[PDB]
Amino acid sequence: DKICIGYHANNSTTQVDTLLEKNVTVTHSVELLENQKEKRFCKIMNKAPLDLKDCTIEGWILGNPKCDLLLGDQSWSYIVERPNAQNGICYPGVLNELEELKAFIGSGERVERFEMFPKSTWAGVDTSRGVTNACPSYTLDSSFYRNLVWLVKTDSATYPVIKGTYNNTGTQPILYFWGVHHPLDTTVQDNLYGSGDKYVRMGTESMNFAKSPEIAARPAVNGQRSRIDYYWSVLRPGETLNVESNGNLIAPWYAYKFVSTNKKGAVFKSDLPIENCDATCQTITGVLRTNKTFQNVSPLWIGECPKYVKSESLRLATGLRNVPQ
């Protein structure tokens, strides 16, 4: 007659590591790390992402004519920019504070396009010949940014002082754009804006801007030796904007009422497919569907994701050392 004391064994081959010993088979364990992704983009909070397709961020938001598919109001949970987008800044030039612009837009949720300065704002000048072959649309060989208007002298008269004003009476900040033209030589300058020292001056309650044309021949890009210095800013609720110029102004035409997100916001550069599905966790390299605590897929995500870690495995023993006989 006998009684023995003992412990559980089973058919487990699953192993864990300890400080004293590697590769120890245990009866029960839990894996804490996820290494599996769905290689696609999905909706977050069942709001869809904004695919740029063949437009870059600059082309979309400046209103590049070949980005008409995107033109107007947009809502997004995040933005996907494709690595081989061809339609960006068509008329050569620098967009000032580009990296801060992308960060600002990334913090957003929704834009409403609206007409900020109708072409009939600018007295005594031409608003209908501001096109170029550097900026084709899909139908015209010479067009321009739908959110800007390239102002040129009329008939013969010297290009006069023009003025514009907009008091933001709404509750939402306004994202807007403008520019300063820099011709390649002094005859192109006179053909377009006449003679005299020209300026572009802008101002709000909290911001001043002043720039002059810098005439010089730059290397040809998209067939142009001239340049444009593009600019952006944000008009806060209650502020008002004054535009005063007597030459070289690429005027703000349309602009965006901007809704700031409370979540995180992201701008993913990726060629992954956007599909019709939902997710709570979206990394730049795919969706994660897990309960697990860690993941080694990506540090870059939107939504609620597991902690990122370089580990291949994080298996925790729960059961005991498996010693079957």
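Quick note: we count residues from 1 along the sequence shown, nothing fancier.
Chemist: Between 212-220 and 70-78, which has the higher average C-alpha B-factor in the PDB entry?
Modeler: Averaged over C-alpha atoms, the B-factors run higher in 212-220.
Chemist: Averaging only over Cα atoms, indicate whether 135-143 or 233-241 has the higher B-factor in the PDB entry.
Modeler: Taking the mean C-alpha B-factor of 135-143 and of 233-241, the larger value falls to 135-143.
Chemist: Sorting 295, 56, 260, 29 by Cα temperature factor from the record, which one lands on top?
Modeler: Of the candidates given, the C-alpha B-factor peaks at 260.
Chemist: For the listed residues 105, 175, 95, 184, which one has the largest C-alpha B-factor as given in the deposited model?
Modeler: By C-alpha B-factor in the record, 184 ranks first.
Chemist: Name the third of the chain's ranked CA B-factors that contains residue 190, choosing lowest, middle or highest.
Modeler: It falls in the top third of the chain.
Chemist: Based on the entry's values, in what third of the chain does the Cα temperature factor of residue 277 lie: lowest, middle or highest?
Modeler: CA B-factor rank for residue 277: highest third.
Chemist: When the deposited Cα B-factors of this chain's modelled residues are ordered and cut into thirds, is residue 45 in the lowest, the middle or the highest one?
Modeler: Residue 45: CA B-factor falls in the highest third of its chain.
Chemist: Ranking the modelled residues of this chain by C-alpha B-factor as given in the entry, is residue 124 in the lowest, middle or highest third?
Modeler: Highest third of the chain for residue 124's C-alpha B-factor.
Chemist: Please place residue 271 in the lowest, middle or highest third of its chain according to the CA B-factor in the PDB entry.
Modeler: Tercile = highest for this residue's CA B-factor.
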